[PDB]
Amino acid sequence: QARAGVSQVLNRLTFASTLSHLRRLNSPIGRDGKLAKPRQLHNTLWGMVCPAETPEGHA
Amino acid sequence: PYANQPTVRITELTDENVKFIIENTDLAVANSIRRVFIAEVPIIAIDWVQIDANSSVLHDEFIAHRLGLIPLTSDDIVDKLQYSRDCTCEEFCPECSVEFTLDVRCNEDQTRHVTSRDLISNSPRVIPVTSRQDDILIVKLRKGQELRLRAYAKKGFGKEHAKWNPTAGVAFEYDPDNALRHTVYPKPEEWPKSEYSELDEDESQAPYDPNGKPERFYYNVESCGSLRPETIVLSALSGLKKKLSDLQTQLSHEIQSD
Amino acid sequence: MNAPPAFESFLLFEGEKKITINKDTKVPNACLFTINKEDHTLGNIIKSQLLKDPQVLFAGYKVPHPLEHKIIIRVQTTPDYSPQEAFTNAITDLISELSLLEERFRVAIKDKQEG
Amino acid sequence: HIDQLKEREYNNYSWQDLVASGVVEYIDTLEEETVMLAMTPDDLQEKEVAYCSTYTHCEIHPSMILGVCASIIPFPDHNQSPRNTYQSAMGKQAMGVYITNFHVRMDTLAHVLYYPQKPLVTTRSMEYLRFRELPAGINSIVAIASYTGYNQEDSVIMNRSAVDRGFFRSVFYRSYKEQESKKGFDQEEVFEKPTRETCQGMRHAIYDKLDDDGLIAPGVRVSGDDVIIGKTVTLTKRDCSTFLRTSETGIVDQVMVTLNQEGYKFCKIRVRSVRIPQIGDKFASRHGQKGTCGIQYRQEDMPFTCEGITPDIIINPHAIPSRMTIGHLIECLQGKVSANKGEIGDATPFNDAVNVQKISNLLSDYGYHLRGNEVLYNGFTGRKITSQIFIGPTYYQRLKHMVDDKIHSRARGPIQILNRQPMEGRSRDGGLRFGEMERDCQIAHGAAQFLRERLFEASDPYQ
Amino acid sequence: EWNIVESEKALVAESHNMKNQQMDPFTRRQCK
Amino acid sequence: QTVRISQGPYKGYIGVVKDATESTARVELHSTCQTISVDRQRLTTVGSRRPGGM
Amino acid sequence: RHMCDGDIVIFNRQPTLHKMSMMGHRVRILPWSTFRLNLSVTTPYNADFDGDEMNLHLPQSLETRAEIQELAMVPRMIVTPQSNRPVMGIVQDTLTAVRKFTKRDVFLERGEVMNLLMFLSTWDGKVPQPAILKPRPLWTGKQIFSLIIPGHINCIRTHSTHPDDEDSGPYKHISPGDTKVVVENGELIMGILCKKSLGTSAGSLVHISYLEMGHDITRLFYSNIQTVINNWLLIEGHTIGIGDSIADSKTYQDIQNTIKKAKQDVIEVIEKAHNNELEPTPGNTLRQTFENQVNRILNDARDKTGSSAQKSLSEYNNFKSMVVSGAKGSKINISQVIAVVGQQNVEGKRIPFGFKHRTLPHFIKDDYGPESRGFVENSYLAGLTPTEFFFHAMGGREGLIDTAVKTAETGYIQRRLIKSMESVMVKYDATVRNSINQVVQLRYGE
Amino acid sequence: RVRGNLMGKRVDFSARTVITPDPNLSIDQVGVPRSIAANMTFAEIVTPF
Amino acid sequence: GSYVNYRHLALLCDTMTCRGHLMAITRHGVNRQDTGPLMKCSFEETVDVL
Amino acid sequence: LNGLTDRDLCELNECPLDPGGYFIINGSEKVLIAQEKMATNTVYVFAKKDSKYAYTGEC
Amino acid sequence: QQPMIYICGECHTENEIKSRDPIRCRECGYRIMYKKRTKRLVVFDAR
Amino acid sequence: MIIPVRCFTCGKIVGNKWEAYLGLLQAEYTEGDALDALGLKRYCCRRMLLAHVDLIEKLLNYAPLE
Amino acid sequence: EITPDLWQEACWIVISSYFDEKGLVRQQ
RNA sequence: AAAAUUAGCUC
Ligand SMILES: [Mg+2]
Ligand SMILES: [Zn+2]
Ligand SMILES: [Zn+2]
Ligand SMILES: [Zn+2]
C-alpha cells in the first residue's frame, strides 16, 4: 500500500553516476500515465532542474 | 615486361629516424614497403611473464602488459634467434629466447620508481633502451610492497601484436604538389604547402599532368629505439624478398604437381 | 571469448595449401590463384607488376572477407602466354627489383655515414 | 569583493562572506516570478533601446542551468536537445575509475578502465564536478569518414594496434557473498572440500582447485561452472556450494573472510577479468553518437595523414546531418588546436568568445587546414583519398554493455517446475520468448509447420 | 597560479584590443 | 593438473587440463579468457607442489 | 550435428511489426562473436547496429527447413504486399557513393576498372570497350555500373535535383544536369542514380529488376552493387566537417538582413494589434489571427533563409551531397545547421507563459516578440542564447514524450487489429472466408 | 496461461546477440559466431549417402 | 503521404461490416461473434468466456 | 568522518572525494530519492471539467 | 602440514587459523582478514 | 592511473617522459614549450602528457602496512 | 569599483567559492 | 536445481 523505489541502490559505476544519483528527484505520479502535461519541461524549471538530463524510457 | 631501376637518396640520417626518397618505382611497391615497415619487421620483445609475488596496487596482468610494451634493442640478435613456434626444444631455450628477471621491494620510506633499469637481462646486448633520458616507468611501489617476477622475450613481428612494432610513425608521402589530382581541393588557396613542395609561394598547386605516374616517394621512418632506422629498412626489404621467394617456391611446386 | 588468436593470420594450418591454381571457364587463358594467410601486402605489388606486363589482358586481386585471411588473384593473358608463366615472371622481376633497391639503399647509407 | 575572494584558502574568505555582505541572495522558484532577472551584467545594462532598465538581479553564469551529467557535455548549445539528453543518460554508463579506494571495495559489478585520460577540452563547470580527477574516457584521434563500410549505420572502426597498446582496455570485477548458518537442529552448513565419497549431492566439476579451507586462493584461474566456495551441508553431506556463473572466465583477486552480525563464517570473493575491447562493444562520444565497434584493422591497414597519424576511431559521416551534433565537430576542431598548442581548451556552453572562425584561425597557424580537414592515404593501396577527411582528437567513452555479457544460446536446457518450458534469463541459461507478435508474423508467412514446431516440438512436448 | 595569471593577462589583453569586432559566427538577441 | 604446451603455436602457455581424452585434451589458458582443445602429446605436466611441510 | 555453414536459420528482431521482420538466412561462421547481416537487410528489421539485439531460431526438421527455405527467405521477401514496393534498398553511405559514382564526370583507369570488376559475382569475363580510347583508355562510372545491372531491364526515373522546367523546353532527351535516368537493355545511359531510382519506391530500379528477373537475380544485383560501390568508395572518400558547415560570408549578411526584416515586421504587427488596427481574420479571434500572422511571418523568414543557404552551397559540400542522394538528411537540416533553427513550438503552439504573463524571468511581461516566445534566431554553428537553448530543450522533451506514448499505444492498436482477423483466409474455392466459413469476399480484394 | 504459455512460449535453439554491419556478406547470409554454432545442434537422419 | 494497398483496407472494412451491425474490434465486438470460446479467450476475457 | 582530514580518510580505507550522504544498510549504499508533492497551506483553484463542478478550491 | 595462514585486516600480520576457530587477529583483535597469494604457476602472456 | 608506455596512435615511447615533463613544467617551462622540448612533434603523442591523469598517487596513499 | 568587461574570470571565482563552501550533495 | 517481491538499465 505504500510507495515504491523511495530508497535505491547507489549506482557506483562511475563518479558522475554517483553524483547524479545522489542528486535525483522522482515524481509520485503513476508510471506510464496517459496524460502528458506533467512530463513536459515546464518553464519554471529554469536553473533548478537540468533541462537535458532525464531518462528516455517510460519514465 | 620487367621491373624498374629505382634509385634511393638519403636526406637526413640520424640515430632516431631516417628521411629518404625513392624514385622510379610503383605506388604499390611503395605502400607495400610501408606496410612491411609497420607490420612485418622481426624484433625482440617480452612475451612470457611469470609473476611470483606482486604486492603492488596495480592488477596482476597490468604489469605483464607494461612489460610487454618495453622495447628491447635487437640490433644483431633478432637475425640470429628463431621463432619460438619453430623451435625444436621445450621451455624457452636461450638459443630461441632471452631471459629477464625483476626483483624490487620498497624498504625505505620514499616511494620507489620501478623503472626498466631493474630488468636484469642474462644476455649483454638484449637490454632495454637505457644504454645512452629517463627510463620507462613500470610501476610505483610503497614501503612494504614488492614485485618479483621473471620473463622471457622472443621474436615476433607487428602483425601479431603491437609490441613487435618497431616504427613509431612512418611519414609516407608522394607528389607533394597535387599534380596527379589524386585529391581535389575545393579551395586550393586554403591549404598549406607540403614540406617537400617545390612550388613557389604564389601558385597554390602545380598544373594538371595527364601522362604522369607517381614517383619520388618520401619516407620518414622513425624508430622507437629498438632497431636503428636504416636497420628497419634493410630488415623490411629482406623480409619482403623472403616472402616473395617462398611464394615463388610454393607456386613452382604447385605447377609441377599439377 | 571467441576472439581468434593472432598467429592465424600468417601461420599456415595443417593441411592448408599456401597457393592454389584454379583454371576459369568463362574465358580462355584465365586462372584464379588463391593465396592463404596473406593480405594486401603480397597481392598489390604482384597486381601492379602484372599490369606492367603488356601480355596480361586482365589482372586483379580481392579479399573475400576481411576477417578471413585469404586473397584471390585473377589473371588473364594472351592465348600464347600462360598466366602461370606470367605470375612467375612477375614474381621474379619484383624480387630482382627489391634486391637492387636494397643494394642501392645500403650503399647510400654507407656513403652518407661520413661521406 | 572579487579581490578578497581571490585571496581565499589563504586567510579565511568564503561564500558566507558574500551572503552576509549582501551581494548575493537566494531566490526560490515561487519568488523568481517577481524579479527582472538579467543574464550577464555588462551586456544587458550599458545603454540601448530602453528595454526594461529596471533589473533587480543578475545570474552568475548561464551555463549553471545545466545539471551534473549535462555539464560535462562540451558545447551543449551546438547540438539538438535529444542528443544532449541521450548523452546525459549515457554518461552514467561510462566506465573508468569510479572511486579511488576501489581495491578495498567488494561491490558487485565494478568496472575500471586502465588509462582514463582527461578530456582535451573541459568545460569550466566540471572543475567543481571533479570530473578531471576521475575521468571516464580517453582522447582518441577520431576521423569522421567511411573508410571501408563496416562503420556505416551508426558503427565505428577501431585500431587493432591501439587496442594492443591498451586503448580503452578495462577490467571487470564480480563479487560474491556467502556465509554459513544453522539451517536446523540437524541441518548445518560448513566450509569443507566435498570429497567423492562422503558427499552424495555433488557436481561434475573440479574441486581440488581450492585449498582445504574451502576458499579458492587468490590469483587462480577459474572458468564457467567451477566451484568457488566449498560449502557442504550435513543431512552424508550435500554439496550446497556456489559456482562461478557460466561464461565468466576470470581470475580471483582477493578472498575476504569475517563474521557477520549473527557470528557465522561469512566470506566474500571477487574475480577480475581483463576485457580487451572487441567488436560488438558499445562506445559513445560526449554528444550522443553511440555505436558498436564493427571491425578492427591493424595500423598497417588503417589510413594515415601526411605523417604517421592513423585514426583510432572512424564514425559514420551520415550520423552528423540527421542528428545535428555540430558540437561534436567543434569539439574535434578545438581538440586539435589544444593538442597542437599544448594546453586544455575551453568549451563552456555560453562564452560569447569561442566561435568557429577564431578557432580555425588559430589552427591555421600550425600547418593544418583551417577547417581541420586533412589529406589521408588509402591504407591498402596507398593512393590518396580524393575527399579530404576530417581527423582530429576527440574525447570518447566506453559503456559497460560488453558483448560477452549479452551473448546467449540454448539447446534443450533446464526446464521450469510449474510449466515444463525452458527457463528465462541468460544467467539461468534459459531460452528466448517466442512472442505473440512472432506468432502473428509466422501466421502471416503461413508457415504453419514452423509455427507448430516452435510452439510444441521445441517448447514442451507431452502426451 | 600560472593559469590564474594567464587568465588575468588574457582578460586585460582582450580589454586592450578593443579596436573593432566584426565576426560572422556570433549573434545576440535584442528585444524591442 | 597444470600442464604446459611444449610444441605448436601455443608453445609457452600454461593451463589446467579441463577435459581429457585418449588423444586430445581441453586446456584452459591462464592468460586469455578462452579454452582450447590441444593434442595430449603437446602437453607436458609441470605440477605445483610444496616441498617441506614442517 | 553442430550448426554448419549453409544451414537455414530464421533471424528475427524482437519487435515484429510486419511480415518483413522474420526472414530466413544462410549461416556463415566468423571468428568474432557478433551477429552480422548485410546493411540492405537493415531497413526491414528497423535495426541500427547501435547495440541492438536480434533473435535467431533454428528448425529441427527437414520438413520445416524446406518450408522456411521456400516461403520465408530474404530474396523471396523483397516486395511487400502492404505497398507493393521493395523494402530492401540502398539507404546508407553506399547510396551517396553510388550517386557520386554515376555522375557524368567520373573516369577510371584500366587498373581501377579491373580492380572493381573483381568484386562482381556475375561478370561474364569480358572487359567492356572503354568510353574513351584516346588519348588514354578511360572508363566511365555509368559504363562500369551497367555491368552490375542484370538481364535486359528497361526503366525511366527522375533524379532528385531534376529541374521541372526541363522536359517542356528543349534538351528533353539530353539534359545538361545529367538527370532523367534512362536504362535500356539493362545499361545505364543518362542521369544520376539516387534513392528515387535505387531506394524503396514504386517502380524503383530494384523493383523493376525483381519483377522482370528472378529473386536470385535481384539478390546478386544487391550484392554486386554494394560490393562494387563500397570498394570504389575507398578511392573516392566521403566525409563531413566544419568546412562543409561554413557559409561564404555573404549568405550571413543575407540571413541577418532577412532576420532583421522579420523582427521589424513582427514588431509592426504587434504595434498594430496594440493600437487596434489588426482586424479579426474570418473564422478566428483577434489573438488567433495575430498568432497566425506571426507564425506565417516567421515561417516565411525561415524558408527564405534556408533557400539562400542552400543556393549558397558548393557542389563539393558534403551535407548537400548526402541530402541530394537522400541517404540521410534533408534540406531543413542544412537550413537549421547554417541559416537558422526556427520556432520552438510546443503542443502545436508557441512557448506558453509559465510565469505570470511571460516565458522566463529575464524577459518582461507582455513580450510577444519572437525571441521572447521561442524563435531561435541563431544557428547550430554559431551557438545558442541560453533562453532559446531552454526553449529548444522544451521542444525536444515534447518530441520524446510523444515518442513514448506512441510506442505505448500503437502496440495495443496492432494487437487488436491482428486478433480481429486472425483466421480469415483464401480457400481453394477462390474466396475469402473466416473460421466459421462465412464468406467475407467472393474474391480476395474484389 | 493463454497469453503466457500457449500463444507465447519459450523455445530452445534460440540466440540473442549484438549485431554489426558486414557488407561482404550477401543479403541472405548471416554471420553467426562460433560459440553459438557449436552450442546449437541440428538433428540429421543418417543415410548411406 | 504513406501508401497502403486498397486490398487490406477493403478486407478490414468487410470484416467490420459482415454481420450487418458494426462489430467493434474491441473485446465487446469480437467476442460476441460465434467464433469459439478457445478463440475469444485468446484475445480477452479469458476466464469470462470460458 | 565529520570534518576529518584526508589523511585520516585515506588511512581508514576511504577517499576524500566520496560525496557521502548515503546510508549503509546490510552493507549496501541506500540513497533516498527526493520526492515532490503539492505545497501545503496554499490555496489552489483548479477548473476540472470532467466533473459536475466548474471550479474547485483545493487546499 | 598447512594450517591455512591468513593476513590480518589492519595489522597486516600473519596468523594461523584452523577450522572451527574464531576469525580474529593474534594481536589487537579484528574481524577482517584476507588470504595469501596461491603458490601455483601464475604465468601470464604479456599480450 | 599510470602514464602509458607507448602512444596509442603513433607508438613512440612516452612512458619514460612523465617525470621529465613534470620537472620541466616545475622549473619554468610551460606546457606548449615543454612538449616540444621533450621532442613530441605529432599532436597525437602530446595528448598522452596533456590528458593523462595521475591516480597512482591516490592509490599509493592507501599503504597496506605502515 | 565596478568590474566592466573583465568579468568572465571574476564570474567563476564566486562559483568556485560556492562549491568550496557547500558541497555538491550539501542538501542531503 | 531453490521461492516471492521490487528496482535499475538497454533496443
Ligand atoms: Mg538502435
Ligand atoms: Zn629453443
Ligand atoms: Zn585479532
Ligand atoms: Zn601520439
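Residues numbered from 1 in each chain as written, not as in the entry; some residues may be left out. Chains lettered and ligands numbered in written order. Part of a larger assembly, values for the part shown. Heavy atoms only, no water. Residues with missing side-chain atoms left out of burial classes, pairs and counts.

Per the deposited record, the coordinates in this entry were obtained by cryo-EM to a resolution of 3.6 Å.

Participant: Before we go on, may I ask you to explain the sheet that holds strand β6 (residues 188-191) of chain D in this structure?
Facilitator: In a beta sheet, neighbouring strands are held together by backbone hydrogen bonds and run either parallel or antiparallel to one another. Residues and elements named next belong to chain D. Reading across from one edge, β6-β8-β9-β7 is the order of the four strands in this open sheet, with mixed pairing throughout. Strands at the two margins of the open sheet, each flanked by one partner only, are β6 and β7 (199-201). In terms of strand pairing, β6 meets strand β8 (residues 231-234) through four bridges, oriented antiparallel. Following the sheet pairing, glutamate 189 is matched in β8 by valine 233. (Pairing = 2+ DSSP bridges. Helix = DSSP H or I, 4+ residues; strand = E, 2+ residues; numbered from the N terminus.)

Participant: Looking at this model, I keep getting lost on the coordination of the zinc ion (ligand 2). Mind explaining?
Facilitator: Each angle at a metal carrying four tetrahedral donors should ideally be 109.5 degrees, and each at a metal carrying six octahedral donors should ideally be 90 or 180 degrees. The coordination sphere of the zinc ion (ligand 2), as far as protein atoms go, consists of B:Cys87 (SG), B:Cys89 (SG) and B:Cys96 (SG), spread over 2.3 Å. Here the donor residues of the zinc ion (ligand 2) are spaced in sequence according to C-x1-C-x6-C. (Donors = N, O, S within 2.8 Å, 3.2 Å for Na, K, Ca; no water.)

Participant: Is there a simple way to explain the packing of helix α3 (residues 93-101) of chain G against helix α8 (residues 215-236) of chain G in this structure?
Facilitator: If you want to describe how two helices pack, look at the angle between their axes and the distance between the axes. Residue and element names in this part refer to chain G. Interaxial distance between α3 and α8 falls to 9 Å at its minimum, and their mutual angle equals 75 degrees. In terms of orientation, α3 lies roughly perpendicular with respect to α8. Between α3, through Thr94, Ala97, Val98, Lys100 and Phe101, and α8, the contact on the second element is made entirely by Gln226, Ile229, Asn230, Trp232, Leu233 and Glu236. Residues that form the contact of α3 with α8 fall into these classes: six nonpolar, three polar and two charged. (Axes fitted to C-alpha atoms, helices over the stretch in contact; angles between N-to-C directions. Parallel < 35°, antiparallel > 145°, perpendicular 65-115°, else oblique. Contact = heavy atoms within 4.5 Å. Nonpolar A, V, L, I, M, F, W, Y, C, P; charged D, E, K, R; others polar.)

Participant: Where do I start with the interface of chain D and chain G in this structure?
Facilitator: Frequently, the measure chosen for interface size is the accessible area removed from exposure when the parts meet. With 88 residues of chain D at the interface, the matching set in chain G holds 85 residues. The contact between chain D and chain G buries some 7,300 Å² in all, and 61% of this surface belongs to carbon and sulfur atoms. Ranking the residues of chain D by area buried against chain G places D:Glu153, D:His318 and D:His445 at the top, with a combined share of 11%. The tally of links from chain D across to chain G stands at two salt bridges. Between G:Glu422 and D:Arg439 there is a salt bridge; the shortest N-O distance is 3.8 Å. In this structure, the connection of chain D to chain G is made through 30 residue pairs in polar contact. Secondary-structure elements contributing two or more residues to the side of chain D that touches chain G are α3 (81-91), β13 (291-297), α6 (319-323), α7 (326-341), β16 (389-398), β17 (433-434), α9 (436-445) and α10 (448-457) of chain D. Counting residues per element, the side of chain D that touches chain G draws most heavily on α9(D), which supplies nine residues. In terms of residue class, the side of chain D that touches chain G is built from 39 nonpolar, 27 polar and 22 charged. (Buried area = accessible area lost by both parts, 1.4 Å probe. Salt bridge = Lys/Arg side-chain N within 4 Å of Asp/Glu carboxyl O. Polar contact = N/O pair within 3.5 Å; in protein donor to acceptor, adjacent residues only side chain to side chain.)

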